[PDB]
There are 2 protein chains.
Amino acid sequence: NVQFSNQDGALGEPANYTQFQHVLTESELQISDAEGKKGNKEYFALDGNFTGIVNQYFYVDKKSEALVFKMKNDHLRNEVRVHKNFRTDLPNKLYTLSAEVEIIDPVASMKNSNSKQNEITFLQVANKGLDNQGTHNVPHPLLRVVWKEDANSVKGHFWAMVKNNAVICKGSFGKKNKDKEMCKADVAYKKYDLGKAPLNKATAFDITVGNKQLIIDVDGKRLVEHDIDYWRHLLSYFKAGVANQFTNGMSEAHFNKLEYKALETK
Amino acid sequence: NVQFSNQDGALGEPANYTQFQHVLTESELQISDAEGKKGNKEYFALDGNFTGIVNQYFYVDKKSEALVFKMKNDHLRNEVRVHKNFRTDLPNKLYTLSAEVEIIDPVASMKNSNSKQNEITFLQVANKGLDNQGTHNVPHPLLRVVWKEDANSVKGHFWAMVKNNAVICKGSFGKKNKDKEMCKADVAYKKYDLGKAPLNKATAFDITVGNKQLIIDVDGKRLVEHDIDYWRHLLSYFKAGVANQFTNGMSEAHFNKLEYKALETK
Ligand SMILES: O=C(O)[C@H]1O[C@@H](O[C@H]2[C@H](O)[C@H](O)[C@H](O)O[C@@H]2C(=O)O)[C@@H](O)[C@@H](O)[C@@H]1O
């Protein structure tokens with residue numbers, strides 16, 4: 001069971017900080033019990049009410065006012081999940097997630113890892129499926145924004161890992177596709193270098209989905225403008241926090257800013 | 001297996017009739033061996049060349065110049081399949097199949113049937129899938145235009161059977177959905193009455209797919225204008241001929257007209 005405690009006032013409660021209040025009301029918390037079963041997940045603030053929701057892994061640092069996410073162990077996660085399952089294909093509906101993030105001591109996080117991946121995912125666009133119930137879910141996110149230890153000798157960069165078709169390539173429903181060209185790592189994904197991650201400094205990310213486009217700005221500069229016509233049928237949603245693709249360590253992300261905005265016109 | 005012959009000149013060869021040449025060049029023939037096993041199907045004119053393709057089940061009546069499709073037995077078929085796998089969701093791309101059809105003595109065709117369906121399908125909009133290879137095919141056609149013996153005491157009408165979502169509701173990939181509300185017959189399909197089939201007279205059908213609409217005109221009159229936004233990701237295609245959903249008899253359709261036209265602009 002995941003617990004809540006502000007450690008006698010040491011930890012700030014996220015719902016008490018105006019800069020995070022709106023995104024919190026628009027979301028729920030999906031967090032693993034670090035010492036529970038593999039890949040486990042608990043849900044809180046199902047209604048968007050984060051009042052009282054705080055613990056050692058999810059809090060606001062009272063001095064910096066950063067929203068802090070932590071999690072230990074491979075495949076465990078700690079994320080705010082924005083509730084809207086939005087269409088990505090319409091010209092008059094644009095959905096934006098804006099963040100300023102610093103990943104804390106990621107090389108140390110990964111010291112004892114033997115993962116071949118060695119990534120921390122801190123922003124994501126997932127699909128729900130064809131409908132709000134998750135029918136025909138595709139078990140691949142549209143986007144993962146990650147800190148990656150070593151990508152063919154390029155060390156400590158941020159990357160956007162973009163799923164570049166709508167094909168199921170793993171699991172029970174991917175058996176017919178997994179060995180085809182469309183499921184090869186270099187075909188099913190397009191990767192964008194978002195730059196070397198800086199030390200002791202936050203980096204701004206702005207992700208806009210809509211009008212058949214996935215747009216990513218980094219520190220105010222447009223780096224990704226990717227056509228996602230192929231994803232048109234999939235209702236999609238934002239997550240932010242940490243998700244571990246490395247073993248035997250704890251990740252830690254500090255968000256100086258986390259915002260969500262829907263721009264629906266006409 | 002399927003053999004070709006004009007019966008010493010008695011049968012007209014479809015490729016020799018100018019009014020059918022264009023649709024044929026744009027299609028292939030998918031036809032069953034009438035004596036073979038349920039569901040069997042053979043393929044001819046893979047390149048659109050129908051020269052020499054004629055037999056007692058697929059011919060032009062030399063007197064009337066009707067293109068004749070016949071087939072006997074349950075779940076056997078005899079259809080031209082138009083090659084283009086088109087998008088249905090774009091405003092500047094519309095795809096039209098136009099036919100004038102007469103179903104010959106269908107009550108006699110079904111005289112010995114024990115099928116609960118008792119339908120002859122003679123026009124169809126199918127999906128290929130997400131791509132030309134058929135990835136993630138949905139095993140349900142978007143549309144079937146049929147002659148139906150009896151639908152809730154309404155006898156001998158034409159119907160448009162329209163699949164009203166993009167959900168797989170049967171087969172190995174439908175197990176998770178098949179018992180849900182979205183797969184119930186009354187939800188998964190919308191049925192339109194296209195009128196009582198006339199005696200000894202052809203009926204015109206014009207099917208237009210594109211711009212997120214499925215339109216059906218019957219003798220010029222717009223009877224179906226259905227929003228197909230839900231099908232947007234599925235590349236789709238036309239078939240025309242006969243497909244039997246009844247047992248122990250022979251279907252026969254006479255097409256005075258069969259045309260295909262793509263209206264692609266910018
Ligand atoms: O397949 C990928 O692109 C990424 O999948 C991730 O696992 C998914 C998993 O398939 C489920 O959808 C689950 O709900 O979420 C996981 C996720 O991390 O979002 C990871 O395996 C990631 O490395 C893959 O690259």
Side-chain angles (χ1 to χ4, degrees), chain A residues 27-32 34 36-43 69 71-83 85 88 97 106 109-110 113-152 157-180 182-192 194 207 209 214 216 224 226 228 230-231 234-247 249 251 253, chain B residues 135-136 176:
Chain A
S27 312
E28 63 186 47
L29 181 67
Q30 303 187 344
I31 184 170
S32 295
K37 302 207 183 174
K38 312 285 223 348
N40 84 83
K41 200 151 75 188
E42 297 196 45
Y43 305 82
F69 298 83
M71 184 50 53
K72 63 163 172 169
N73 309 318
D74 200 18
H75 310 120
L76 295 194
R77 43 207 323 126
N78 175 8
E79 294 164 314
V80 163
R81 188 274 203 229
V82 182
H83 278 135
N85 301 314
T88 70
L97 188 73
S109 292
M110 310 201 179
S113 179
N114 70 341
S115 174
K116 302 178 71 81
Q117 195 166 356
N118 276 358
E119 294 166 8
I120 295 159
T121 299
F122 60 92
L123 304 165
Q124 187 159 307
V125 179
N127 73 99
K128 186 63 174 184
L130 292 173
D131 55 30
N132 285 315
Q133 289 65 49
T135 309
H136 291 303
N137 170 263
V138 173
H140 309 284
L142 176 62
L143 168 68
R144 293 189 301 124
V145 181
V146 310
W147 178 95
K148 186 166 179 68
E149 181 188 58
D150 187 339
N152 85 310
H157 283 220
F158 292 129
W159 301 85
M161 307 300 192
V162 179
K163 169 67 164 170
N164 207 26
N165 59 38
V167 179
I168 299 180
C169 291
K170 69 191 182 182
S172 57
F173 295 103
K175 280 154 174 161
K176 180 173 183 176
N177 306 320
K178 71 174 185 300
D179 292 316
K180 309 286 189 62
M182 65 188 170
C183 285
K184 292 179 173 175
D186 71 356
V187 174
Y189 298 89
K190 188 165 173 48
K191 303 183 284 192
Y192 299 88
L194 304 182
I207 303 168
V209 188
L214 171 65
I216 307 178
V224 180
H226 182 68
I228 55 166
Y230 58 85
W231 203 255
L234 296 169
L235 300 183
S236 301
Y237 60 94
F238 289 126
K239 296 195 285 180
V242 294
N244 294 343
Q245 293 93 27
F246 68 98
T247 79
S251 59
Chain B
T135 307
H136 290 305
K176 185 179 189 320

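Chain identifiers are assigned alphabetically (A, B, ...) following the order of the sequence lines, protein sequences preceding nucleic acid strands; residue numbering begins at 1 within each chain. Counting starts at 1 for both ligands and their atoms, following the listed order. Below, all heavy atoms of this structure are taken into account, side chains as well, without hydrogens, waters or symmetry copies.
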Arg81(A) to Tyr237(A) six-membered ring, cation-pi geometry met (6.0 Å, 45°): yes

Heavy-atom nearest neighbour in the protein, as seen from atom 11 (C) of ligand 1, with distance rounded to 0.1 Å: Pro139(A) O, 4.0 Å

Option among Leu97(A), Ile207(A), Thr88(A) that satisfies the side chain to side chain contact (heavy atoms under 4.5 Å, CB included) test with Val125(A): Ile207(A)

Ring-face cation contact, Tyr192(A) with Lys190(A), 6.0 Å cut, 45° max: yes

Protein heavy-atom partner closest to atom 2 (C) of ligand 1 - residue, atom, separation in Å: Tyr189(A) OH, 3.2 Å

Top protein contact for atom 6 (C) of ligand 1, by heavy-atom distance: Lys170(A) NZ, 3.7 Å

Part of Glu119(A) within contact of ligand 1 (heavy atoms, under 4.0 Å): neither

Option set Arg144(A), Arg77(A), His75(A), criterion heavy-atom distance to atom 17 (C) of ligand 1, minimum: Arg77(A)

Ring center gap for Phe69(A) and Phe122(A) short of 6.0 angstrom: no

Protein contact to atom 19 (O) of ligand 1 [nearest heavy atom, distance to 0.1 Å]: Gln124(A) NE2, 3.1 Å

Donor on one side chain, acceptor on other, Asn244(A) and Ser251(A), under 3.5 Å: yes

Atom 9 (C) of ligand 1 protein-contacted, heavy-atom criterion under 4.0 angstrom: yes

Inter-residue atom distance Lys178(A).NZ - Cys169(A).SG, 0.5 Å rounding: 10.5 Å

Test item, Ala243(A) contacting ligand 1 (heavy atom, 4.0 angstrom): no

Identity and separation of the nearest protein heavy atom to atom 23 (O) of ligand 1: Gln117(A) NE2, 2.9 Å

Geometric cation-pi criterion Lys148(A) and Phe158(A), 6.0 Å radius, 45° cone: no

